[PDB]
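Written below as structure tokens is the structure these notes are about.
A quick note on method: Cβ atoms are made from the backbone with ideal geometry, for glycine too, and the neighbour counts reach across all protein chains shown. Readers should treat all values here as calculations from the given coordinates under stated rules, not as data from a laboratory.
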Amino acid sequence: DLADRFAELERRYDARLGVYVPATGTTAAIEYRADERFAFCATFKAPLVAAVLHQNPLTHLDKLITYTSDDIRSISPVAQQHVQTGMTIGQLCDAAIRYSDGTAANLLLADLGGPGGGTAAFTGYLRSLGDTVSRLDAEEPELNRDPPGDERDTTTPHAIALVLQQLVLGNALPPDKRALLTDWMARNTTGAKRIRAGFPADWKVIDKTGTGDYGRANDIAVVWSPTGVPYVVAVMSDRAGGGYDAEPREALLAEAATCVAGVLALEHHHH
């Protein structure tokens, strides 16, 4: 029946929807198109920050990066305001996650893999985590613009949720670094109408959104019940039928999340 509900969302929104919630010790996996490829869009920025955190001491967060107006080739709310004074690596991580800053992402990719080597190094971080499916091939803003079906710049709901699980809920990061990642996601500003909108206010939600051409709208989150039980939620979507300038529809993601939350929150007392 949950598959029937997701199918109805696809019809109503003229969209392709992918959902993955990993199984837990007391909940079955929720899977819809979970092995189909979808463009990451900005969702890669959460693992990207992880990779930078992992490979460096915390003192690397204080390193000041200078850039110019010519580096700003993508929507960059925070980099545009510090272009004259520069941004530390920590500031860039913050911006990349909380404001989906494109320049910040590109600077972090340069810090991880050097000029021209960022996308391969980022992909390499995913492979170190055991993700053999995802791939990043372009920087911002070109990574949001590949046609439908191109495998460049893609993940799957399945792969990205498992990555996030390891980052947030597993041992991929030591606790101090983990807490920075988790806090930046917790205080994201771009996700109010997506997975957050699907969960009750007393569940903690941390997230990272993505939006792109062909009506692409994604969101990846970790949520905790009111008693601290964690679940990962990946929701991916596109609307290729509208062409490259198709309207993304956030509400599809809110609705998919509401379907999930309903399952995760509803209890089944034995009478």
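Amide H contacts for residue 76 (H built 1.01 Å from N in the peptide plane; partners 5 or more residues away or on another chain; cut-off under 5 Å): 102. A straight line joining the Cα centroids of segment 196-255 and segment 1-47 runs 9 Å.
For the chain, the longest principal axis of the Cα atoms and the long axis of helix 175-186 meet at an angle of about 70 degrees.
A full extension of the chain between residue 152 and residue 265 corresponds to an added length of 37.1 nm, given 0.36 nm per residue minus the alpha carbon distance. Overall shape: oblate for segment 123-271, with the ratio a/c of the largest to smallest alpha carbon gyration tensor axis at 1.5 or above and b/c at least equal to a/b.
Can you sort 13, 231 from fewest to most other Cβ atoms within 10 Å of each residue's own Cβ?
If I rank by nearby Cβ atoms, fewest first, I get 13, 231.
Sorting the segments 206-214, 53-61 by their mean number of nearby beta carbons within 10 angstrom, highest to lowest, gives 206-214, 53-61. If you take all other residues with their beta carbon under 12 Å from the beta carbon of residue 124, and give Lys and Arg +1 and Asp and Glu -1, the sum is +1. Comparing 116, 149, 25 in a Gaussian network model of the chain where C-alpha atoms under 10 Å apart are linked, the largest mean-square fluctuation is found at 25.
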